[PDB]
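S.K.: Following this message is one structure expressed as structure tokens.
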Amino acid sequence: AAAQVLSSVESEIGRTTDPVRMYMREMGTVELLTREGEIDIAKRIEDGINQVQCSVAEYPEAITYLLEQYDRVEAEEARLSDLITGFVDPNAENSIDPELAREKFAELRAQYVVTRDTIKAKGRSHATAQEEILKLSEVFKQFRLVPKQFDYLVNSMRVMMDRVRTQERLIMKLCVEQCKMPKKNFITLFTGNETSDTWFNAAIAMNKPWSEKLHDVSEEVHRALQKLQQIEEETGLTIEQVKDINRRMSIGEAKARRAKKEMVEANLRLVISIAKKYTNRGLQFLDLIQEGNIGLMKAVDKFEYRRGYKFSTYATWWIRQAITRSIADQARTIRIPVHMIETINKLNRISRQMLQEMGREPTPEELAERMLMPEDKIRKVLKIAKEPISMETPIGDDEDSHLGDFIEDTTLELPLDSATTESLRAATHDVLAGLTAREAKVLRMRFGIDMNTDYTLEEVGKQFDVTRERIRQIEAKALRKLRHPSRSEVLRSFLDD
Amino acid sequence: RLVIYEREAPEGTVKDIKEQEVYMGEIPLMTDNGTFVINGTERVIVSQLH
Amino acid sequence: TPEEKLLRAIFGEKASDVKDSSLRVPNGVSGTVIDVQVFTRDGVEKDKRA
Amino acid sequence: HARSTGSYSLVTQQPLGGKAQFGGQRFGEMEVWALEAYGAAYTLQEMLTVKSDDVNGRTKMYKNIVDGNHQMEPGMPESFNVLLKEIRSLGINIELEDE
Amino acid sequence: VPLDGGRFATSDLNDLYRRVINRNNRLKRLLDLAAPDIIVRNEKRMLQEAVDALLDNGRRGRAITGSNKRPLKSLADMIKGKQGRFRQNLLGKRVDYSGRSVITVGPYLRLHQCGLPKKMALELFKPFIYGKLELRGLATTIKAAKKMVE
Amino acid sequence: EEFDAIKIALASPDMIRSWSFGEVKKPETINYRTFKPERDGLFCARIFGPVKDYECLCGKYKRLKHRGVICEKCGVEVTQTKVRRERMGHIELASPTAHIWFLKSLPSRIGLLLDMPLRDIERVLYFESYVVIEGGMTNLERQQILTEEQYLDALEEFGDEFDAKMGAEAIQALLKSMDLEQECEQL
């Protein structure tokens with residue numbers, strides 16, 4: 001009964017705009033659901049997970065992949081890699097021993113080959129068949145997968161879910177939106193037949209002259225029903241139990257997602273507590289809170305109540321991690337890597353203690369001696385710690401002259417530098433004019449004076465069709481005679497500017 | 001001084017007594033002529049009428 | 001620019017890899033250097049005049 | 001203090017030295033009014049574009065002066081289209097209706 | 001941009017821009033983690049607040065201040081006011097070819113004449129001198145004309 | 001070059017994409033040891049152009065000759081550095097947000113167009129109370145505020161028949177949904 005006070009509050013707020021107040025009102029709505037409450041909520045979660053486990057378990061071929069990709073990872077004669085870290089790892093309520101894998105996979109494949117026999121015997125869901133399927137499921141229930149492959153497999157299930165839904169949607173569009181067929185009879189016929197066009201021609205048998213007018217789309221209706229069937233024969237698993245498994249997995253996922261919300265919304269206050277020992281570091285209070293909240297979500301995911309420990313310890317550990325790692329990833333204009341941030345903070349702590357021990361700020365020699373690392377890295381890290389100062393800071397005490405008004409743009413060309421290099425261009429043009437055509441051309445192409453690009457020796461040798469060092473000789477001759485003082489006097493002067 | 005009391009006993013003052021001179025801050029000193037030498041430059045703080 | 005390329009490849013004069021940023025008297029000022037002070041870190045060799 | 005050319009500021013691209021050659025004389029609003037009063041449109045235009053902000057203009061006209069040709073090829077000041085960018089970054093589409 | 005001492009100098013927009021992206025990125029993450037909608041609501045509030053502080057910090061009920069503790073300068077604060085682009089860099093500009101000095105009486109002058117110090121006129125008319133020295137041939141080189149002027 | 005007039009309008013999101021040369025994806029400015037622009041960051045050289053005249057970052061294409069090319073190693077375009085000053089980026093917002101100039105102006109333009117008191121808009125935008133985008137049911141009208149518990153109740157009677165939302169998504173739906181000719185002629 002908190003929204004019945006928030007009603008009066010929002011009706012009589014003081015035109016509040018601060019997101020701190022809006023958040024702190026809403027995180028205060030949900031009450032502390034801890035101790036007994038937390039354990040109950042934790043059980044609502046594992047029940048949803050186990051329902052999803054079972055829903056995967058009735059589908060056999062997904063288990064195939066379990067043995068398939070495992071036989072893939074074992075395929076290369078020896079492995080204990082990420083993929084194996086992703087397979088079962090049965091948690092008995094470390095170093096991987098593949099003998100255990102073979103031991104636990106032999107009986108699984110034995111159940112594989114024994115359950116299928118009764119699936120065909122006297123009926124798809126025969127009593128003996130149903131009992132053997134239940135035995136298979138019970139055996140599989142103790143295989144607690146590593147989360148990554150588990151999510152991959154539930155993906156491999158929901159892909160079939162969504163393709164079934166989308167094919168049904170496509171057929172529903174193509175039928176109802178164009179031919180205007182009633183869905184009321186469709187539902188019953190689809191549940192009844194589901195496999196053949198007996199219901200199609202049957203509903204058309206009812207006079208309905210509009211039902212006759214489907215010839216232009218006849219070749220498309222049962223052609224799409226062909227794909228709808230092909231889905232079922234590819235699965236080889238009947239549609240009604242597909243829907244049952246779909247509902248089971250949906251409800252199982254919704255249970256856990258609903259349960260985790262109470263845990264998060266109850267421990268928001270814990271998040272706010274840890275986040276407040278972290279302010280004045282670059283990130284605002286609500287920035288530190290929202291990183292804490294993500295850390296809390298992780299903690300709720302990884303929490304195990306069977307350990308018998310209080311939840312707040314685990315949550316505290318993850319929340320502090322998220323907050324102090326984000327305050328390092330962000331909160332700096334020039335991003336400092338996390339480990340360098342940690343080293344800087346080592347220097348700050350050690351500087352404090354040496355400061356109070358000595359009575360002076362320590363010199364980098366003594367500081368290096370204390371922190372046990374060379375003075376080079378000490379001085380480097382000290383130079384790193386500086387953060388950009390503000391440009392709009394008032395270098396004038398009044399609001400007259402800011403810092404950014406004094407920052408020269410040191411990329412522009414100083415005008416009178418040889419008349420922005422025009423004088424040199426003109427003088428070169430003049431001097432090259434005094435030379436013979438071939439020398440001038442090759443000289444230009446070589447260095448590039450007023451040329452597209454600076455054709456190298458090879459390129460210019462191609463240009464005049466001489467595959468030799470005639471060009472090199474020519475350039476040597478040219479460069480030679482443009483040092484002769486009588487030929488170049490004006491040009492020589494710019495050099496020693 | 002850091003005094004530590006015991007919360008079981010009512011005012012069990014002598015559970016820990018800890019005396020240690022601590023260094024907190026440096027305070028600039030005034031010269032004999034009413035000025036401070038701050039960052040090598042000689043500064044004056046003017047009185048305020050409030 | 002290509003033209004400086006030609007200029008340095010004709011008179012054979014490649015500029016040094018060291019630019020000058022020497023301190024010089026601001027323009028329009030005369031005077032008499034009356035004092036020079038050199039400050040060096042603790043860990044850098046002192047040049048001759050220091 | 002005097003100045004023919006020197007440092008130029010970073011954002012606005014307009015005269016501002018100070019170390020040796022200081023920033024140019026500020027030609028404020030009141031002086032713009034005075035030149036508008038005289039009717040001197042060309043003195044104003046050069047004091048806005050080629051003396052202050054027009055980058056291509058400022059260098060081209062230094063070159064023209066050195067050649068002995070006193071003529072101006074003015075463009076658009078940097079501060080104007082800096083303003084255009086700053087207004088555009090407020091999600092407001094300001095443009096120049098070309099011919 | 002790097003200042004002399006090795007420190008850098010940044011326009012406040014960077015800081016403001018940073019907030020937006022940070023918060024925007026967080027939101028892009030929460031929608032993937034299917035957060036409790038209270039947290040997503042708070043993130044959207046902060047994203048709205050950050051964009052608002054970017055576009056106009058003042059008009060935004062509480063002005064975001066940086067490490068200086070004085071308020072950050074938003075986009076709207078640069079095109080507005082006496083210090084804005086309009087009044088300060090677009091109607092009245094700093095100007096080249098311009099000097100200034102103390103004034104005194106020239107009582108020998110005629111109404112159309114003003115004294116002008118030699119040094120100030122040399123510094124103001126410098127490119128004219130360069131062109132004239134090149135024209136007379138006294139300096140066939142702009143680089144050496146600068147040397148002669150100095 | 002010569003233009004004649006200057007036009008202001010509102011920047012369509014497609015137009016803001018049209019100005020932009022690439023999406024800014026990270027809050028990273030420059031590197032801390034190399035001091036060189038980071039990819040996708042606020043200063044990225046792929047988006048806002050190269051840092052030196054006619055040079056990619058990795059120096060593969062490093063002269064006038066290779067102008068116009070996009071260095072595949074670093075994505076930079078070999079062009080003048082002045083284009084750090086003319087190229088713009090764009091952040092793809094993960095949730096529409098209100099332009100404060102068109103909401104917190106003394107004569108609110110969003111509040112006039114919709115005819116909804118600024119207090120009610122501030123309540124919707126600050127994620128404080130829902131609002132009826134559109135309701136097939138007759139008891140609930142468009143632009144009618146539904147507080148949280150009132151929303152819960154209204155959801156209880158009908159549910160899908162009425163669309164009520166919170167925040168700038170709701171306000172964008174309201175602005176997008178009105179027809180200007182009809183309100184024009186009715187008014």
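Identifiers for the structure tokens are assigned positionally: chains receive A, B, ... in sequence, residues are indexed from 1 per chain, and ligands are indexed from 1 in the order shown.
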Using only C-alpha atoms, find the residues of chain B whose closest atom to chain A is at most 8 Å away, then write them as a PyMOL selection string.
M.R.: chain B and resi 22-24
S.K.: Any chance you could list, as a PyMOL selection string, the residues in region 16-136 of chain F that come up alpha helix (DSSP H) when DSSP is run on the backbone?
M.R.: chain F and resi 16-19+45-48+109-114+118-125
S.K.: Fewer than 4 positions away in the same chain doesn't count, so skip those; otherwise give me all residues within 10 Å of residue 67 (chain E), counting only C-alpha atoms, as a list in words.
M.R.: residues 280, 281, 282, 389 and 390 of chain A; 71 and 72 of chain E
S.K.: Taking a cut-off of 8 Å and counting only C-alpha atoms, can you build a table that, for each residue of chain D near chain E, reports the nearest atom pair and how far apart they are in Å (one decimal), sorted by chain then residue number, as CSV?
M.R.:
```
residue,atom,partner,partner_atom,distance
D:1,CA,E:99,CA,5.3
D:2,CA,E:99,CA,3.8
D:3,CA,E:97,CA,5.3
D:4,CA,E:97,CA,4.2
D:5,CA,E:96,CA,6.0
D:12,CA,E:89,CA,7.4
D:14,CA,E:94,CA,6.4
D:15,CA,E:94,CA,5.5
D:16,CA,E:94,CA,7.4
D:23,CA,E:94,CA,7.4
D:24,CA,E:95,CA,4.9
D:25,CA,E:95,CA,5.5
D:26,CA,E:94,CA,4.2
D:27,CA,E:93,CA,5.5
D:28,CA,E:92,CA,4.2
D:29,CA,E:92,CA,5.1
D:32,CA,E:92,CA,7.1
D:47,CA,E:95,CA,6.5
D:48,CA,E:93,CA,6.8
D:51,CA,E:96,CA,5.2
D:52,CA,E:95,CA,5.0
D:62,CA,E:127,CA,6.9
D:65,CA,E:128,CA,6.0
D:66,CA,E:131,CA,4.0
D:67,CA,E:131,CA,5.7
D:68,CA,E:131,CA,5.9
D:79,CA,E:90,CA,6.0
D:80,CA,E:90,CA,6.6
D:83,CA,E:85,CA,6.7
D:86,CA,E:75,CA,6.9
D:87,CA,E:79,CA,7.8
D:89,CA,E:75,CA,7.9
D:90,CA,E:55,CA,6.3
```
S.K.: Residues as selected, C-alpha atoms, written as a short mmCIF file (atom, residue, chain, number, x, y, z; two decimals), in the first residue's frame, can you do that?
M.R.:
```cif
data_model
loop_
_atom_site.label_atom_id
_atom_site.label_comp_id
_atom_site.auth_asym_id
_atom_site.auth_seq_id
_atom_site.Cartn_x
_atom_site.Cartn_y
_atom_site.Cartn_z
CA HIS D 1 51.06 47.99 -30.00
CA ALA D 2 50.67 47.21 -33.69
CA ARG D 3 49.85 44.29 -35.94
CA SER D 4 49.79 43.47 -39.66
CA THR D 5 49.38 39.65 -39.27
CA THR D 12 36.57 31.18 -34.57
CA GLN D 14 39.98 35.34 -35.90
CA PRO D 15 42.95 37.56 -34.77
CA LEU D 16 44.25 36.81 -31.24
CA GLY D 23 45.60 40.25 -30.72
CA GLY D 24 44.26 42.83 -33.22
CA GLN D 25 42.10 45.82 -32.30
CA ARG D 26 38.58 44.82 -31.54
CA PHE D 27 36.19 46.39 -34.03
CA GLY D 28 33.09 46.27 -31.91
CA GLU D 29 29.44 46.85 -32.63
CA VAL D 32 30.23 48.84 -37.14
CA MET D 47 37.03 44.59 -41.78
CA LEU D 48 34.64 41.66 -41.46
CA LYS D 51 40.97 41.30 -42.18
CA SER D 52 39.44 38.96 -39.61
CA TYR D 62 48.08 39.30 -48.32
CA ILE D 65 49.04 43.33 -51.40
CA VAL D 66 52.52 41.93 -51.91
CA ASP D 67 51.92 41.83 -55.65
CA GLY D 68 51.00 45.51 -55.58
CA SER D 79 32.30 32.59 -37.53
CA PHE D 80 29.18 32.56 -39.68
CA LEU D 83 27.28 29.45 -36.24
CA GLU D 86 26.18 25.13 -33.99
CA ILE D 87 22.57 25.84 -34.93
CA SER D 89 23.63 20.67 -33.99
CA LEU D 90 20.51 21.81 -32.13
#
```
S.K.: Excluding residue 41 (chain E) and residues on its chain fewer than 5 positions from it, collect all residues at most 10 Å away from it, counting only C-alpha atoms, and give them as JSON, numbers by chain.
M.R.: {"A": [23], "E": [27, 35, 36, 46, 47], "F": [126, 127, 128, 166, 167]}
S.K.: Restricting the output to N, CA and C atoms, write the selected residues as a CSV table (one decimal), in the first residue's frame.
M.R.:
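Written file, result-v9.csv:
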```csv
chain,number,residue,atom,x,y,z
A,23,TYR,N,13.3,8.9,-8.7
A,23,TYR,CA,13.8,7.5,-8.5
A,23,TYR,C,13.6,7.0,-7.1
E,27,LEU,N,21.3,2.5,-21.9
E,27,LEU,CA,19.9,2.2,-22.3
E,27,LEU,C,20.0,1.0,-23.3
E,35,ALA,N,15.5,-5.4,-18.2
E,35,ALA,CA,15.6,-4.9,-16.8
E,35,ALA,C,14.2,-4.7,-16.3
E,36,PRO,N,14.1,-4.7,-14.9
E,36,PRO,CA,12.8,-4.3,-14.3
E,36,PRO,C,12.5,-2.9,-14.8
E,46,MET,N,17.2,9.8,-17.2
E,46,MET,CA,18.5,10.4,-17.3
E,46,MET,C,18.9,10.7,-18.7
E,47,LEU,N,18.6,9.9,-19.6
E,47,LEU,CA,18.9,10.2,-21.0
E,47,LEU,C,18.2,11.5,-21.5
F,126,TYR,N,8.5,13.0,-17.7
F,126,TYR,CA,9.3,12.6,-16.6
F,126,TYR,C,9.0,11.2,-16.1
F,127,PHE,N,8.3,10.5,-16.9
F,127,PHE,CA,7.8,9.1,-16.5
F,127,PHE,C,7.2,9.1,-15.2
F,128,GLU,N,6.1,9.8,-15.1
F,128,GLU,CA,5.3,10.0,-13.8
F,128,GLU,C,3.9,9.7,-13.9
F,166,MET,N,3.7,6.1,-21.5
F,166,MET,CA,4.5,7.0,-20.6
F,166,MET,C,5.6,7.6,-21.4
F,167,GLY,N,5.9,8.9,-21.2
F,167,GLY,CA,7.1,9.4,-21.7
F,167,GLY,C,7.1,9.8,-23.2
```
S.K.: For residue 124 (chain A), list every protein, DNA or RNA residue within 12 Å, evaluated using only C-alpha atoms, and leave out those in the same chain fewer than 3 positions away; present the list as a VMD selection string.
M.R.: chain A and resid 115 to 121 127 to 130 133 236 to 238 241
S.K.: Could the residues in this selection be saved with C-alpha atoms as a PDB file, in the first residue's frame?
M.R.:
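File part_14.pdb, as written:
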```
ATOM      1  CA  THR A 115      13.284 -44.864 -25.879  1.00  0.00           C
ATOM      2  CA  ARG A 116      12.810 -44.565 -29.655  1.00  0.00           C
ATOM      3  CA  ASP A 117      11.840 -48.239 -29.972  1.00  0.00           C
ATOM      4  CA  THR A 118       8.561 -47.854 -28.060  1.00  0.00           C
ATOM      5  CA  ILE A 119       7.762 -44.512 -29.712  1.00  0.00           C
ATOM      6  CA  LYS A 120       6.759 -46.498 -32.810  1.00  0.00           C
ATOM      7  CA  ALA A 121       5.316 -49.500 -30.924  1.00  0.00           C
ATOM      8  CA  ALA A 127       2.047 -46.268 -22.128  1.00  0.00           C
ATOM      9  CA  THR A 128       5.402 -48.053 -22.304  1.00  0.00           C
ATOM     10  CA  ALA A 129       6.617 -45.313 -24.648  1.00  0.00           C
ATOM     11  CA  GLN A 130       5.436 -42.608 -22.246  1.00  0.00           C
ATOM     12  CA  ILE A 133      10.221 -40.979 -22.246  1.00  0.00           C
ATOM     13  CA  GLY A 236       8.892 -35.348 -36.765  1.00  0.00           C
ATOM     14  CA  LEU A 237       7.177 -34.220 -33.566  1.00  0.00           C
ATOM     15  CA  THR A 238       3.436 -33.694 -33.375  1.00  0.00           C
ATOM     16  CA  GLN A 241       2.837 -31.466 -28.069  1.00  0.00           C
TER      17      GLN A 241
END
```
S.K.: Pull out every residue of chain F sitting within 8 Å of chain D, counting only C-alpha atoms, and send them as a CSV table (one decimal) with N, CA and C atoms, in the first residue's frame.
M.R.:
```
chain,number,residue,atom,x,y,z
F,1,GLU,N,29.1,30.0,-55.6
F,1,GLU,CA,29.1,30.1,-54.2
F,1,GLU,C,27.9,31.0,-53.7
F,2,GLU,N,27.6,32.0,-54.4
F,2,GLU,CA,26.6,33.0,-54.0
F,2,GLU,C,25.3,32.4,-53.7
F,3,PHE,N,24.7,32.7,-52.5
F,3,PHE,CA,23.4,32.3,-52.2
F,3,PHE,C,22.6,33.6,-52.1
F,4,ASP,N,21.3,33.4,-51.8
F,4,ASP,CA,20.4,34.6,-51.8
F,4,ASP,C,19.7,34.7,-50.4
F,5,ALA,N,19.2,33.6,-49.8
F,5,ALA,CA,18.4,33.7,-48.6
F,5,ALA,C,18.9,32.6,-47.7
F,6,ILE,N,18.4,32.6,-46.4
F,6,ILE,CA,18.7,31.7,-45.4
F,6,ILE,C,17.4,31.1,-44.9
F,7,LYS,N,17.3,29.8,-44.9
F,7,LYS,CA,16.0,29.2,-44.5
F,7,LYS,C,16.3,28.3,-43.2
F,8,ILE,N,15.3,28.5,-42.3
F,8,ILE,CA,15.3,27.6,-41.1
F,8,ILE,C,14.1,26.7,-41.2
F,9,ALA,N,14.2,25.5,-40.8
F,9,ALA,CA,13.1,24.6,-40.7
F,9,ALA,C,13.5,23.6,-39.5
F,10,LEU,N,12.7,22.5,-39.4
F,10,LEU,CA,13.0,21.5,-38.4
F,10,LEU,C,13.7,20.3,-39.1
F,11,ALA,N,14.7,19.8,-38.4
F,11,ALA,CA,15.6,18.8,-38.9
F,11,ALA,C,14.9,17.4,-38.8
F,16,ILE,N,19.0,14.6,-40.5
F,16,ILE,CA,20.1,14.6,-39.6
F,16,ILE,C,21.1,13.4,-40.0
F,86,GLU,N,34.0,20.6,-40.5
F,86,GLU,CA,32.8,20.7,-41.3
F,86,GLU,C,32.0,19.5,-41.3
```
S.K.: For chain F, work out the contacting residues on chain E at 8 Å, counting only C-alpha atoms, and write them as a PyMOL selection string.
M.R.: chain E and resi 14+17-19+21-22+24+27-28+41+44-45+47-48+51-52+55-56+59-60
S.K.: Give one line per residue of chain D that approaches chain C to at most 12 Å, naming the two atoms of the closest pair and their distance in Å to one decimal, counting only C-alpha atoms; sort by chain then ascending residue number and deliver it as a tab-separated table.
M.R.:
```
residue	atom	partner	partner_atom	distance
D:1	CA	C:28	CA	10.3
D:2	CA	C:28	CA	11.5
D:18	CA	C:26	CA	11.5
D:19	CA	C:26	CA	8.7
D:20	CA	C:26	CA	6.3
D:21	CA	C:27	CA	8.7
D:22	CA	C:27	CA	11.7
```
S.K.: In Å to one decimal, how far is CA of residue 214 (chain A) from CA of residue 180 (chain A)?
M.R.: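 If I compute the distance from CA of residue 180 (chain A) to CA of residue 214 (chain A), I get 10.3 Å.
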S.K.: Of the residues E:68, E:104, E:25, E:57, which is the one nearest to chain A, using only C-alpha atoms?
M.R.: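 Of E:68, E:104, E:25, E:57, the one nearest chain A is E:68, counting only C-alpha atoms.
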